[PDB]
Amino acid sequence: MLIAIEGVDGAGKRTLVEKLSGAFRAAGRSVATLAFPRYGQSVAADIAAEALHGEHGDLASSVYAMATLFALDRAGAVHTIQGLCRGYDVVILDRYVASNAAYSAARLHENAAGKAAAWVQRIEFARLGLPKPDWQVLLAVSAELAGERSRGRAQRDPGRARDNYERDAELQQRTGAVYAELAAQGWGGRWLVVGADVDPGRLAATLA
């Protein structure tokens, strides 16, 4: 089974991935996790991050350029993903294709039924062959709280300064809204919307 954890920056995704992995293992299931962007393993991913931190000229100013880099990263992970699926009972992805749809639409002030989301659907799932997730878990949190967590991380970790997307409060707000729409329409597969207080044990039961 393939599960993707989605949400805005600072929503608490990384933590849910760890608590969820623990719950699945407590249930006797083998688990593997993979996070996107794959920093260090994908040139496209590294350039994307660097662009969001001020490098590479006008690259970051293009919504489709950034989306393409993230899609190229995932395109290079197809074999890895399929490999994990046949090797473990559960594979949890920290961000996946929906991240591209949500942020791209938000940067363009479009909704889930818009152009960017449709483009991501055509390119990543159909064209690049990325498998559709069995479940997509949206960790919905207030934009304010998520932003506070992003700011806090940067304050105590010099290696985690915020990037262009994280510093854009309005973008973060719009991204959360598109995410909610995507989940409501079951974009790319079945979704589950949870809060910060979700119980990892019951969540793993629903997913398993």
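Numbering starts at 1 and follows the sequence shown. We call the rigid core whatever largest set of C-alpha positions still superposes within 1.5 Å between the two forms.
Between stretches 48-56 and 178-186, the one whose Cα atoms sit farther from the displayed model in 8 other deposited structures of this protein on average is 48-56 (core-aligned, root mean square). Per the records, residue 31 is modelled in every other compared entry, just as the shown structure includes it, so no third of them leave it out. Figure legend: residue 158 is marked as unmodelled in at least a third of the other comparable entries of the protein. When the mean C-alpha temperature factors of 181-189 and 17-25 are read from the deposited coordinates, 17-25 comes out higher. Higher mean CA temperature factor, per the PDB entry, when comparing 72-80 with 110-118: 72-80. Between the residues 135, 96, 88, 125, the entry's highest C-alpha temperature factor is the one at 88. Remark: of 54, 176, 37, 40, 40 shows the highest value [criterion: C-alpha B-factor in the PDB entry].
Residue 208: CA B factor in the highest third of modelled residues in this chain (values from the PDB entry). Ranked within its chain, residue 141 lands in the highest third, by CA B factor from the PDB record. Sort the chain's modelled residues by C-alpha temperature factor and residue 150 lands in the middle third, per the entry. When all modelled residues of the chain are sorted by CA temperature factor, residue 33 is found within the highest third. Residue-level temperature factors show residue 5 in the lowest third of its chain, judged at the C-alpha atom.
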